[PDB]
Undergrad: 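Have a look at this one before I ask anything.
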Amino acid sequence: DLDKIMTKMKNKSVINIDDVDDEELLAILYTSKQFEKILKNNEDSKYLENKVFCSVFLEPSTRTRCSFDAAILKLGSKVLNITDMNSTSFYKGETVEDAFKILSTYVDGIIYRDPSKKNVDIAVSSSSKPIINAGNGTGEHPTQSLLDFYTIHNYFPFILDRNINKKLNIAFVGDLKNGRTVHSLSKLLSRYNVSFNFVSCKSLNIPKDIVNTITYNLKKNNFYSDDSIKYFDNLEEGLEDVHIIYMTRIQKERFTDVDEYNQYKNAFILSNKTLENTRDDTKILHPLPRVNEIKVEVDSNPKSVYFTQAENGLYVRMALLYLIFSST
Amino acid sequence: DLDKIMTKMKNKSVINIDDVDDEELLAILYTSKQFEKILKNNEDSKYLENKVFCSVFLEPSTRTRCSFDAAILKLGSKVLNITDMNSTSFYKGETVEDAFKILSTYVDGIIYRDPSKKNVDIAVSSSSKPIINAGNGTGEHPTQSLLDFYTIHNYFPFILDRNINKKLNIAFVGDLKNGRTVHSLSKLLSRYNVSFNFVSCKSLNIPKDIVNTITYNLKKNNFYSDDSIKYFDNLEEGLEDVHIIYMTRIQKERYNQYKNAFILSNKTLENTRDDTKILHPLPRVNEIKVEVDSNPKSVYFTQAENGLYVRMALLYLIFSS
Amino acid sequence: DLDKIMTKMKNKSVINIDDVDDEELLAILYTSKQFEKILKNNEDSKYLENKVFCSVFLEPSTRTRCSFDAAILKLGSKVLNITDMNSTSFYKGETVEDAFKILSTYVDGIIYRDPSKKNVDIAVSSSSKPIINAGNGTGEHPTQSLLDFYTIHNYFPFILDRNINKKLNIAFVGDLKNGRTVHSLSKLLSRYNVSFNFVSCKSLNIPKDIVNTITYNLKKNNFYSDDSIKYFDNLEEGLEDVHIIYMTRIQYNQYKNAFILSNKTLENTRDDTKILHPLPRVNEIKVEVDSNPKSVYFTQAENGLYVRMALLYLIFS
Ligand SMILES: Oc1cc2ccccc2cc1O
Ligand SMILES: Oc1cc2ccccc2cc1O
Ligand SMILES: Oc1cc2ccccc2cc1O
Ligand code: NA
């Protein structure tokens, strides 16, 4: 019932993936699928024409910012842009609360990226218009999780059924400790019948916090067992019997010590060889950009869908904006 | 007669607040009010759709640039942005006159902000398209004046009457020397029955030429008396019988002694008139304590919101077909 | 004719002026002229409405970036801008191939300015959408050549005829060595019946390989003679009997004052001669020359709007 769902979603801020419930998630997946058909047939996509947004990006994140701008403008809307290298360079003396109180009288909605946990939450309480969090310091990047799930669901639509006999097995590989994308998508997937392989070097293990949350979310639907969560330090064991391989970025800005960065960047390299004993239906995701995590040769392997995944982002962002901001 | 005033304003540049006459001021106010009703009722505000603008900002002024962009885009028009720390990084060898001659062949109009006084005036005489000055070295910021006036007029509509028995009293408080906002609004208010309190430290006093322009403008409508301009030292005396309090920003560039001289608190407001309204061009740092935001005398966030309506109105009047 | 040409040009990347052949040049010039009429008569110009572009400028080049944005927006389209000082801050660890692969799934076309040739060539192979090169290190600046040629063609339309009895004579003046704009436009003009006067100081001479290409092109269309290419030291000889004077930017001290165009120096030129300069100018043309009817360098800049509109339209409609 897209109409009941849309009334509920209208004017919603999306800050954490838990702001999206089951019915909203189905509305987003369905709407995303419509926009995919629309774009792929070169149909008119201007379903949100009279809106003006502000996109405020207070750290270097030009790829994410451009993804949101492309979705706004493809919807037929307009966007003005605030971009700065950090938040203090923009706010200067001014409080986040004043800035958002006024900005929100200028525009119909705001896309906000700020590594400060606190700033996004201040923004939301002071804004008189809906905010979409495009990523913040505290591990929430909801539109990424949504586009990841959309992508997963396209190959394995049983993920939505909550069928005790149809379990999806995913391996997360790389920086589990700091990977926000992993945190947020884990939280979402664990609402469904999903089992997890965590593959990482010791100092980049998945945090306890995330494991507790995954545990809680699986138990809630009686899908939690001792086989639900496995831990591995090598690909040959961790890649066995998974439907999805999700490779994280290894972010240089996160590892000061360049030797640590060099150790972690080359610990898990996906090649055609490391893929030989995976399931025939397995699909490889990566939020992008990559550096050495996935060899170029893998781009020709039909198991890889990480470029399709990034393209799916346009559809899913358009869908989310449309559902929140349309007057109908 | 809006139709007759719209023919007059079409393709007008707005550089100084003296480019706007009494009747044009009325049409801006009236048109701003229409945009306010439209926007408050969540309605379709595409009143100017087929235009392309260039916004040229040659000092850091992110907020003002976003204000204008919002107005343009909300009207249904388009904008391209040139942004730089200073004007020399942008012009480099090239004359302002060449740059504006060419730019004007690409767009329908130009919003220009440049800390140089002279540049804007060069730009206007070289441009084949209207220019809106969004603030310059010579203390002219006419759209700020317009929106300030609109906000004042909302609470004290008699300011338009030039009735000898209904005088508006305003205190400007802070940096009067370098306050672009103060110079421009004083020039506009002084065409009406208004008296002025200037509250500042010695180093930041209002320039004489602003005093001359005020005096000259008041004399011209017989509103000048020896009471018309007073100068104070402290708030308690400065704020005494004033319908409007206008706090300036006190910005670091132009300091530790200046920044704490005049902070508006609920204390400093106890012996103002019941009906006084507080304006501030924004952003605010410490000039007004947060407690004053709940005091119903404060209207600075409405004032900034009003700027959407007034900028939309101005653009509409100048650029529509 | 034009729908056939448009089907051909649809989805073309324009990287070098040699990506544009005779018939594509004709469609560009025709369509440019239609946009000129439309704009000058205040008519609706929204011929490309549902398109979203990405403008990627990886060196400072504000004026060229604004021209393309103006043309996109005048067509009724939208643009998102990527706008930093070098390419390494933008690519960081990502390959140019991955970056363009993904960006071309988000947008309908890309306007790209990068001083690196390697980058532009990888972009074109990786992009699933057409790219327009907005200028690069190597002097390929095709939209500048196109608008230069449009401007020339307006005053001397015989340039397109390839008539042995109607030759256009052009002088290029200033920094011929480093003046990209010259190299590119020379290559385009040498497809036609054109003779060249190169006016420069010793150290800023036109490169021999540009002279080789010009020679080759003139021979191929049977327009080459021993008068085809002349070399000069000075304006008084150089400016003689030329339909076009093209002044370069001089972008030093001694080498930037040698050829300044004044009303005096124009006294013995043809009455019909037109003065172009790709702009901005510093000292190369005196302000007095702006009033002289022979000067068209501001009309030339304005024409650039029409020409960029035309090219965008023809590629992306
Ligand atoms: O994930 C990516 C998104 C992009 C968007 C715009 C331009 C380049 C991009 C590269 C990416 O890896
Ligand atoms: O104080 C202000 C903050 C702003 C933030 C974004 C856009 C416009 C703004 C105007 C303000 O006065
Ligand atoms: O010389 C030029 C100046 C410009 C200024 C603004 C936009 C485009 C411009 C192009 C020029 O050649
Ligand atoms: Na824009």
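Below, chains carry the letters A, B, ... as their sequence lines are ordered, and counting in each starts from 1. Indexing begins at 1, ligand by ligand and atom by atom, following the structure's order.
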Undergrad: Looking at C/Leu103, which atoms of ligand 1 are within less than 4.0 Å of one of its heavy atoms?
TA: 6 (C), 7 (C)
Undergrad: Determine yes or no for a side-chain-to-main-chain donor-acceptor pair under 3.5 angstrom, with C/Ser116 supplying the side chain and C/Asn119 the backbone.
TA: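 It does hold such a pair.
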Undergrad: Would you say C/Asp108's side chain and C/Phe53's backbone share a donor-acceptor pair under 3.5 angstrom?
TA: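 Side chain of C/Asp108 to backbone of C/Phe53, a donor-acceptor pair under 3.5 Å: no, none is there.
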Undergrad: Give me the nearest non-hydrogen protein atom to atom 12 (O) of ligand 2 as residue plus atom name, then the distance to 0.1 Å.
TA: B/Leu282 CB, 3.5 Å
Undergrad: Would you mind running through ligand 2 and noting each atom that sits below 4.0 Å from a heavy atom of B/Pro283?
TA: 1 (O)
Undergrad: Determine whether a donor-acceptor pair (N or O, by modelled atom type, separation under 3.5 Å) exists between the side chain of C/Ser104 and the backbone of C/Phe100.
TA: yes
Undergrad: Applying a 4.0 Å heavy-atom criterion (strictly less than), which segment of B/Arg284 is in contact with ligand 2: side chain, backbone, both, or neither?
TA: neither
Undergrad: For atom 8 (C) of ligand 2, what's the nearest protein heavy-atom neighbour? Residue, atom name and distance, please.
TA: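 Answer for atom 8 (C) of ligand 2: B/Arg63 O, 3.8 Å.
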Undergrad: If you take all heavy atoms of B/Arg311 and B/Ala71, which pair is closest and at what distance?
TA: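 Minimum heavy-atom contact is CB-CB, 3.7 Å.
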Undergrad: For C/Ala99, take its heavy atoms, then give the atoms of ligand 1 lying under 4.0 Å from any of them.
TA: 8 (C)
Undergrad: So, regarding B/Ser67 and ligand 2 (criterion: nitrogen or oxygen to nitrogen or oxygen, under 3.5 Å), is there a contact or not?
TA: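 No; the residue has no nitrogen or oxygen that sits under 3.5 Å from a nitrogen or oxygen of the ligand.
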Undergrad: Look only at the side chain of A/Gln309 and the backbone of A/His286, and say whether a donor-acceptor pair between them is shorter than 3.5 Å.
TA: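 Here the side-chain-to-backbone pair exists.
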Undergrad: Looking at A/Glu94, which atoms of ligand 2 are within less than 4.0 Å of one of its heavy atoms?
TA: 1 (O), 2 (C), 3 (C)
Undergrad: Give a yes/no verdict on whether any heavy atom in A/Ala310 is under 4.0 Å from an atom of ligand 1.
TA: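 No.
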Undergrad: Any idea which heavy atoms bring B/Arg284 and B/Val290 closest together, and the distance?
TA: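 Scanning both residues, the minimum pair turns out to be NH2-CA, 3.8 Å.
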Undergrad: Any chance you could lay out the side chain to side chain contact (heavy atoms under 4.5 Å, CB included) test for B/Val79 and A/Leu80, step after step, and finish with the verdict?
TA: CA-CA 9 Å; B/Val79 66; A/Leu80 53 134; over 6 Å; no
Undergrad: Please verify the inter-ring angle class for A/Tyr246 with A/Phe172; under 30° counts as parallel, over 60° as perpendicular, anything in between as tilted.
TA: tilted
Undergrad: Among all protein non-hydrogen atoms, which one is nearest to atom 2 (C) of ligand 1, and what is the separation to 0.1 Å?
TA: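 Checking every protein heavy atom, the shortest distance to atom 2 (C) of ligand 1 gives C/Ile102 CG2, 3.6 Å.
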Undergrad: By number and element, which atoms of ligand 1 are closer than 4.0 Å to a non-hydrogen atom of C/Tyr106?
TA: 5 (C)
